[PDB]
Amino acid sequence: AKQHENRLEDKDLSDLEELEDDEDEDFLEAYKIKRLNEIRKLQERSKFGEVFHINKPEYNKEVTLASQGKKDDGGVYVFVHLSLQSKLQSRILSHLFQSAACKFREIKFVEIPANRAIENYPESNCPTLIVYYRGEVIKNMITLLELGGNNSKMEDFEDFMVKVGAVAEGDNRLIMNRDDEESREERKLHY
Amino acid sequence: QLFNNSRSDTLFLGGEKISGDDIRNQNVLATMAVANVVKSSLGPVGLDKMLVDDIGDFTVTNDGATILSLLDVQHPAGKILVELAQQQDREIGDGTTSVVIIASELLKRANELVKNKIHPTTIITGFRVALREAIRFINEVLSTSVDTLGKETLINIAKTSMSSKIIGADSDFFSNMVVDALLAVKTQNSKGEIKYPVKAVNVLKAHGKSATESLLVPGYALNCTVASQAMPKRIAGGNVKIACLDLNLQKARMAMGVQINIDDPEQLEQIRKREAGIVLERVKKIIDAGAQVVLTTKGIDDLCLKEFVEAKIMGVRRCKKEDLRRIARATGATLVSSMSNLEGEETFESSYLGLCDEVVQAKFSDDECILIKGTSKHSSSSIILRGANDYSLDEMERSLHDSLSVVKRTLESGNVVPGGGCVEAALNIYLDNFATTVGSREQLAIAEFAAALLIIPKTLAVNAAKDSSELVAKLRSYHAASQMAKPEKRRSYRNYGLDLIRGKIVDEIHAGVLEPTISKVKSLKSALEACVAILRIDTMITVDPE
Amino acid sequence: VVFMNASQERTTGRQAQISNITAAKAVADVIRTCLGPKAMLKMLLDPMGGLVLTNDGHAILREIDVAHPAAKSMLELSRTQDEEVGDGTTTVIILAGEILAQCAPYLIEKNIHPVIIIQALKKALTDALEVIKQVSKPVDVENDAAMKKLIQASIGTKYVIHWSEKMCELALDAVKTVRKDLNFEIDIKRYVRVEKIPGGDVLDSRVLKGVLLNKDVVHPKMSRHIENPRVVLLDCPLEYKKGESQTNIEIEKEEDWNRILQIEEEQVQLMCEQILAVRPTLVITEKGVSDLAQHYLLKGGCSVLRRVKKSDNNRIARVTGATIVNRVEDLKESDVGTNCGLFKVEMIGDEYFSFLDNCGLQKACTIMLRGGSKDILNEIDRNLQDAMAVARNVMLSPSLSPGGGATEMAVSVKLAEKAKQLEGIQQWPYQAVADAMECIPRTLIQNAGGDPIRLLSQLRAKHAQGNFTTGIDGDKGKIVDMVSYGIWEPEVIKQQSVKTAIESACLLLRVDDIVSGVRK
Amino acid sequence: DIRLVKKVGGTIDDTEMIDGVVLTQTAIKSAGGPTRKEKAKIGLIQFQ
Ligand SMILES: Nc1ncnc2c1ncn2[C@@H]1O[C@H](COP(=O)(O)OP(=O)(O)O)[C@@H](O)[C@H]1O
Ligand SMILES: Nc1ncnc2c1ncn2[C@@H]1O[C@H](COP(=O)(O)OP(=O)(O)O)[C@@H](O)[C@H]1O
Ligand SMILES: [Mg+2]
Ligand SMILES: [Mg+2]
């Protein structure tokens with residue numbers, strides 16, 4: 001049953017063209033128009049793409065209004081970062097935000113100093129990662145010992161975005177699914 | 001053993017509590033339970049075993065190094081023997097089956113001394129004085145490495161390591177192979193100290209004719225496939241240049257920082273061209289150098305393959321880091337991580353290229369291997385093992401890998417001793433007279449230490465399915481006269497052991513079996529240090545997981 | 001306090017060997033009737049659902065998952081025999097089973113050690129290769145009439161013996177095409193292509209020296225019949241290649257966006273103009289082709305075919321002599337293929353097929369097999385792999401031996417006499433090797449429907465007179481010499497059989513304990 | 001000032017006081033140019 005679904009489900013618009021000579025045109029082009037429409041929706045939703053270094057008055061808008069988006073429940077995920085330059089984990093998490101911002105343009109990446117965020121919040125507690133969605137806090141994450149701590153990598157951060165429902169599991173942009181071209185080249189030769 | 005003890009009676013521990021001689025008995029049965037699988041694998045008469053992973057996959061193994069590593073034991077007293085088998089494989093590389101049997105019997109034979117109200121501190125002291133007395137006796141009984149006009153030694157050393165294997169019958173053919181291999185891959189370091197890097201030779205898992213017709217390669221054999229099929233497979237002629245690169249040769253982006261942002265769209269195509277051109281400028285100068293064969297750690301894109309196919313260059317992708325150092329070391333090249341120099345300019349010099357006589361790609365049963373032979377600067381070697389399947393060759397791979405470690409030690413240290421339980425039986429006669437001299441309670445510790453050493457020649461006869469006491473009694477009779485030899489050679493009744501294929505006591509020097517003395521030294525200390533670790537434990541405290 | 005998560009219990013002693021030897025006998029019983037010309041066929045139900053109708057030993061064993069680990073050493077022998085030669089796979093399994101079956105009542109009865117048996121098999125294997133060298137002889141390799149009957153030997157067991165006159169010419173022309181001069185025969189099966197076309201008739205076939213593609217031209221104006229085609233292989237896509245650097249162009253003026261799409265047309269225009277610098281007539285590319293690039297190639301008549309596999313491009317290169325070049329700037333007249341002809345696209349309703357034909361000694365071809373079902377196409381395709389597999393060894397070495405149980409009987413008659421001289425303890429297992437070679441002649445006789453007790457009894461007296469070429473016919477069961485009929489095989493098949501059978505017995509005889517539960 | 005470096009291997013009898021400062025980490029061996037140094041000047045880099 002899955003062998004028929006893998007022709008369309010496991011191929012993007014660039015990979016669907018492989019089956020142009022083999023499979024029927026009406027079977028293939030019917031799905032390419034569907035996948036082409038999905039690509040256009042992501043382009044319209046790409047309202048972001050760099051870290052929004054904000055300040056508090058604005059928090060009451062950027063962090064929360066955005067989380068409502070269109071309010072068609074067009075919700076928008078907003079990853080906040082209570083930065084603290086003295087901590088080593090904070091500078092690591094700041095690099096992950098800019099790296100993920102260039103890839104996931106639909107998700108908003110927010111950064112602010114932790115001293116300016118909350119009155120007398122413990123310095124030890126931050127680096128603090130908050131995830132808003134439709135005005136509600138989906139995840140109040142604590143320091144990155146859960147995500148490896150000092151040895152945190154880009155692969156661990158992208159895996160966390162899939163757990164909170166920010167990115168699909170089978171997304172082609174994730175490093176887990178984005179296999180290298182040399183990897184797929186060896187598979188075709190050994191097939 | 002009988003029943004479970006009371007669980008924390010007025011002690012208030014979350015886990016289990018046990019004490020007394022019950023846990024001391026459980027450690028003996030624990031060391032004997034893991035040692036029974038090692039018993040049948042000892043000596044040439046031992047048989048192999050197979051471990052199933054509950055997924056269909058299985059592997060045949062004789063040595064207890066990887067068997068105990070695969071057997072996941074939860075009792076921590078058995079883990080020390082598991083790590084002892086892995087420890088002995090790293091340093092010596094041979095005798096992993098013997099330390100488990102020796103360490104288990106030293107604890108088993110010492111279990112009788114526990115209930116005699118002999119303290120373990122006195123028992124290990126009697127074992128340790130027996131140890132250093134045994135090491136000096138081993139240092140006295142060792143023999144020189146000449147023995148005749150010719151060498152006549154290294155062929156016999158391989159038979160001891162090659163025994164108890166599937167290819168023990170073919171050891172006569174493989175004995176010349178291993179000695180010719182390690183004499184080719186020698187090196188120089190520390191101003192005159194010769195070294196022999198183990199695993200430097202390439203052990204290929206080939207299928208075909210037989211283990212008897214395994215051809216020894218006079219050079220290194222690289223196990224990798226060709227990139228394109230339209231390339232030349234065979235390259236003849238002398239002075240074939242070898243290029244060893246590691247930099248990234250496929251098309252890759254600019255660094256993280258660089259973001260190409262363009263305002264005048266006219267140069268948008270030009271920046272695309274130079275990114276495609278800057279990677280081909282590196283390939284242009286290699287063709288100017290004239291490297292017939294080039295090897296790369298990373299991939300090779302199709303933009304580079306067209307230049308190698310046109311200029312008849314052998315480009316091979318998907319090399320590994322540890323291999324290319326041996327290619328550059330053998331062929332005379334140097335490892336090139338990037339093309340640059342102290343000056344600001346970028347170029348490639350001909351001195352970085354190696355030299356070899358012939359390079360031929362061969363295929364045998366879906367195994368493409370590039371045969372590089374005739375290295376001018378330094379020789380190299382590789383062994384193409386052939387058998388039934390991959391899992392049978394894993395035993396042959398471990399058989400060859402252990403053979404290199406044994407032949408490594410006899411060249412690093414020329415002192416050797418005969419096999420067949422000779423030194424194990426000789427120490428008993430030496431320690432019995434020494435046990436009476438010391439007098440007090442350590443006599444039983446030294447005596448039972450000597451009785452535990454006899455288990456090595458006894459296990460050879462038990463696994464042979466023959467009468468063991470007659471061979472042990474005859475071996476005891478000859479060694480008993482060795483201490484009372486009455487020197488004036490006529491110092492006979494020494495250097496004898498068991499001959500299992502015929503069931504007689506003959507001279508091991510003429511039979512052609514030897515072993516280096518350093519293996520006996522490290523095995524005895526590592527076996528006794530493991531025995532010290534188990535004897536000194538009194539009570540266990542197992543905490544359940546939260 | 002189990003002490004072992006992986007089989008704390010053990011099955012040791014002789015009972016483990018009964019399970020081992022009995023399992024080695026069971027794998028031979030399911031393919032005992034798969035030998036000789038009157039052999040039957042088998043069917044396998046894989047879990048994926050793709051059925052296959054097989055009689056070769058290698059296809060039977062590889063598609064059967066076995067839970068017994070000791071048996072799996074026997075399953076892999078046909079895999080080893082397949083990749084080495086590709087013929088004689090069934091004889092290795094039954095011979096290894098008879099060696100293990102004959103060597104069974106010696107540890108139970110005589111209590112002889114296994115390592116003594118290991119020495120006995122090596123001396124028997126040394127004498128087995130000696131007498132096979134004496135029984136073998138050379139023949140002329142260049143005689144095409146002689147090569148037909150040798151290919152017909154392995155074909156006689158399979159279904160296509162009825163078309164043996166066509167199959168010999170089908171395989172002999174193919175193996176000679178890929179053959180070249182330089183182990184003196186370095187040609188490989190990977191260069192030989194075999195395309196399976198359902199439908200047609202197996203009698204109508206021919207060896208076309210080319211590469212059969214399974215797709216249509218991309219544009220309808222292109223002519224499907226070219227007299228003097230010119231092949232040019234390419235790896236770059238005719239589409240616009242997207243840069244892996246990710247660039248953002250910010251457009252603030254107005255003519256920049258129009259100039260970008262004009263530069264896109266100008267790049268494809270300049271790229272197609274460089275293709276026409278050497279004025280080709282047939283272009284091949286392994287990647288996509290944009291519709292913009294199709295129009296500019298109409299003026300030159302450059303027929304393009306897209307999404308061609310990487311292995312097919314190499315096979316196109318060896319036939320036409322074209323060089324695979326990625327970039328379009330490095331096209332020269334030498335890069336353009338030559339000495340090609342008869343480019344024609346035959347219309348078939350299933351799929352479009354395009355032929356090629358010739359007028360750097362490496363060559364290739366494509367055998368177009370016609371049949372009645374996809375499953376029997378795999379049968380005839382595997383017979384082609386067996387048809388060329390028997391032909392390689394006669395070309396590699398000129399040595400050649402008889403078959404049909406005669407060469408195995410010659411080992412037993414010599415080996416029994418050697419045991420008679422052997423004199424000792426190793427002579428008991430040395431006699432088992434001489435008795436182990438009797439299963440093959442016996443198997444052939446049993447399948448044929450004869451009485452093996454009296455047919456083999458007179459065969460012992462016949463070989464005692466001093467002849468070796470006397471075998472057993474598979475149809476009626478005579479003791480006639482094989483010189484009249486012409487049953488001959490290479491020497492490499494029988495050498496690999498006795499070697500793999502002895503080496504497999506040494507692996508399995510030295511097992512005494514069985515354990516599981518590791519979960520690596 | 002008295003650092004106890006734990007290295008798995010060998011025996012306890014081989015334990016002895018090293019005259020200089022023993023380093024626990026191994027070399028990189030990415031290039032592998034030098035093998036053995038004599039009369040070397042040691043520097044401590046804190047930047048990257
Ligand atoms: N041919 C032989 N004759 C007598 N004893 C032997 C022979 N070969 C090996 N041994 C004995 O077997 C013991 C261990 O053999 P070893 O090669 O370490 O087995 P493994 O390879 O399984 O570890 C040695 O102490 C040696 O005395
Ligand atoms: N008509 C026949 N008469 C006598 N012997 C035959 C006949 N057909 C086949 N044989 C024998 O049976 C054997 C079958 O070989 P083949 O089918 O190619 O592989 P396998 O031996 O593995 O089945 C041949 O070696 C041949 O000697
Ligand atoms: Mg050994
Ligand atoms: Mg066959």
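Indices start at 1 and increase along the chain as displayed.
Placed from the backbone N, Cα and C atoms, the Cβ positions cover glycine too.
Copied over from Swiss-Prot:
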DISULFID  C:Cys359-C:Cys365  disulfide bond
MOD_RES   C:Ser245  phosphoserine
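Feature annotations (Swiss-Prot) mapped to structure.
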residue: C:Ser245; record: phosphoserine; Cβ within 10 Å: 15
residue: C:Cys359; record: disulfide bond; Cβ within 10 Å: 7
residue: C:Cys365; record: disulfide bond; Cβ within 10 Å: 26
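DSSP assigns C:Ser245 (phosphoserine) to coil, not to a helix or a strand.
For the pair C:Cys359 (disulfide bond) and the residue listed as 'phosphoserine', the C-alpha distance works out to 46 angstrom. DSSP gives C:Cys359 (disulfide bond) a coil state; it is part of no helix or strand. In this entry, C:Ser245 stand out among the recorded positions C:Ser245, C:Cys359, C:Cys365 as having a C-beta under 8 A from a C-beta of chain B. Here C:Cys365 (disulfide bond) is positioned 42 angstrom away from the residue listed as 'phosphoserine', judged by their C-alpha atoms.
DSSP gives C:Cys365 (disulfide bond) a coil state; it is part of no helix or strand.
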